[PDB]
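Below: one structure, written as structure tokens.
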Amino acid sequence: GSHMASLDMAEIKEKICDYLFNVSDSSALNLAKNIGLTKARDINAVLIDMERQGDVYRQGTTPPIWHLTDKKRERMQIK
Ligand SMILES: [Cl-]
Ligand SMILES: [Cl-]
Ligand code: NI
């Protein structure tokens with residue numbers, strides 16, 4: 004919920020990266036449905052931390068839809 008340095012949170016973060024990059028942009032609710040419903044609070048915590056760092060952004064309110072940022076995609080893809 005805070006333990007961003009744990010193996011467990013690194014695994015949730017890569018599952019989020021994998022989904023947002025290879026599947027699509029997503030609500031947090033849909034990420035939990037795909038990654039594991041019992042991990043919703045850690046998914047929310049990782050998204051908030053990635054947002055603070057400019058690696059994802061949220062779009063809209065009901066619910067917000069999470070997207071990879073251009074800064075993050077530039078580390079992953081060619082222009
Ligand atoms: Cl990542
Ligand atoms: Cl990836
Ligand atoms: Ni934590």
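With the numbering used here as the guide, the letters of the sequence shown map in order to residues 4 to 82. By construction, the Cβ of each residue, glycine as well, lies at the ideal position given by its N, Cα and C atoms.
Problem - Nearest-angstrom Cβ-Cβ length linking residue 58 and residue 4, presumed shorter than 8 Å - result: Your numbering for residue 58 matches position 55 in the sequence shown. Your numbering for residue 4 matches position 1 in the sequence shown. Between residue 4 and residue 58 the Cβ distance is about 19 Å, and since that is not below 8 Å, they are no contact.
Handout entry: Sufficient close CB pairs (3 or more, under 8 Å) joining the stretch 32-49 to the stretch 74-82
Key = no
Problem - Sequence-ordered residues whose beta carbon comes within less than 6 Å of a heavy atom of ligand 2 - result: 20, 21 and 24
Practice task
Rank 14, 24, 16 and 33 by C-alpha distance to the C-alpha of residue 72 and give the top, closest one.
Solution key: On the sequence shown, residue 72 is found 69 positions in, with the first residue counted as 1. When C-alpha distances from residue 72 are compared across 14, 24, 16 and 33, the shortest belongs to 24.
Practice task
With hydrogens ignored, establish whether the beta-carbon of residue 17 is closer than 7 Å to any heavy atom of ligand 1.
Solution key: For the purposes of this step, residue 17 is taken as the residue at position 14 of the sequence shown. Yes.
Exercise for the section: Compare the beta carbon distance of residue 29 and residue 69 with 8 Å and say whether it is the shorter of the two. Expected result: Translated into the one-based positions of the sequence shown, residue 29 becomes position 26. Translated into the one-based positions of the sequence shown, residue 69 becomes position 66. Against a cut-off of 8 Å, the Cβ pair of residue 69 and residue 29 comes out as a contact.
Handout entry: residue 66 vs residue 35 beta-carbon contact at 8 Å
Key = As a first step, residue 66 is located in the sequence shown; it is residue number 63 there, counting from the start. As a first step, residue 35 is located in the sequence shown; it is residue number 32 there, counting from the start. Not a contact, by the Cβ cut-off of 8 Å.
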